[PDB]
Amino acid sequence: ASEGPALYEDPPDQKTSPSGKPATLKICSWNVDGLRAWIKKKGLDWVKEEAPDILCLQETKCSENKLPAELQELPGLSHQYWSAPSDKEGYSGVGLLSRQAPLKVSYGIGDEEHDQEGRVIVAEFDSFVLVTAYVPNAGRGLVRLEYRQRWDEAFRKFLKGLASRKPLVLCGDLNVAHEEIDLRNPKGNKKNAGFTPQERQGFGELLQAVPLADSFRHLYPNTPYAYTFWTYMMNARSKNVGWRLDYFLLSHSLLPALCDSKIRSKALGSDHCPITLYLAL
């Protein structure tokens, strides 16, 4: 192809806020490409080293009634909530695992049409509400793009509702690289899932409407070659031909508490890498 390797070294963890407050909350999000596969690939060992307060997982591909026993070897994340497709099949799926129990856990976005594929978990805490999401892919041939646009609108309105009540943290695989800086090959992907004008625009609408700020891009507005997904094919990860599909979006009110937003480039076990947020809440 046209791309050789493009170097990217995620900056050291900045663990104090702009006002000097140490981070009190570390949240990790990871599209795991199958809970079972990932666990086999030692994903949990990496989680233990990272020691997040909250872990959010996407594409667990796992029935809520078929959770791997290994998930009980996680004492520091003993509160575990799962949402999988209603049809009880093994695809899509999200998880949220927390050191402390949330005040309330909910599933979906309150729209039956969009709530059957196990894509959203809402965990309300004292000072903020956390949402993790696995956003519907636009599909091969963009065959699912029309549905995706419906999803984007419903999701945006739902989140605007949440934020009207409490400061909001949204994380997960949002299945779009927002701008050209967010993927290695913008030119060749504008008609492919993840970089259509429609998807990018939906992301833009999401930021202004809630509103929300892109934590990573806020901190690193001019930083290129920072990605969270690489196709398993074509030796893409080795050449850093990737996409930033995984985000932490924050209510503006939370920006003063933002310490850092990390991309765990070296962490193996999926075709996405983990991302990690430090907040001083």
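Each residue number is its position in the shown sequence, starting from 1.
- Across the other PDB entries of this protein whose models span the neighbouring residues, residue 112 goes unmodelled in a third or more.
- Looking at the other PDB entries for this protein, residue 88 is absent from the model in a third or more of those that include the residues around it.
- Here the stretch with the larger average CA B-factor, out of 172 to 180 and 158 to 166, is 158 to 166.
- Of the two stretches examined, 24 to 32 and 234 to 242, the record assigns the greater average C-alpha temperature factor to 234 to 242.
- The entry lists C-alpha B-factors for 117, 73, 152, 124, and the highest of these is at 73.
- Comparing C-alpha B-factors across 185, 98, 196, 83 in the deposited entry, the largest value falls on 196.
- Residue 272 sits in the middle third of its chain by CA B factor, as recorded in the PDB entry.
- Remark: residue 134 belongs to the lowest third of its chain, ranked by C-alpha B-factor as recorded.
- Among the modelled residues of the chain, residue 94 sits in the lowest third by CA temperature factor in this PDB entry.
- Ranked against the other modelled residues of its chain, the C-alpha B-factor of residue 108 as given in the entry falls in the lowest third.
- Placement of the Cα temperature factor of residue 54 within the chain: lowest third of the modelled residues, per the deposited record.
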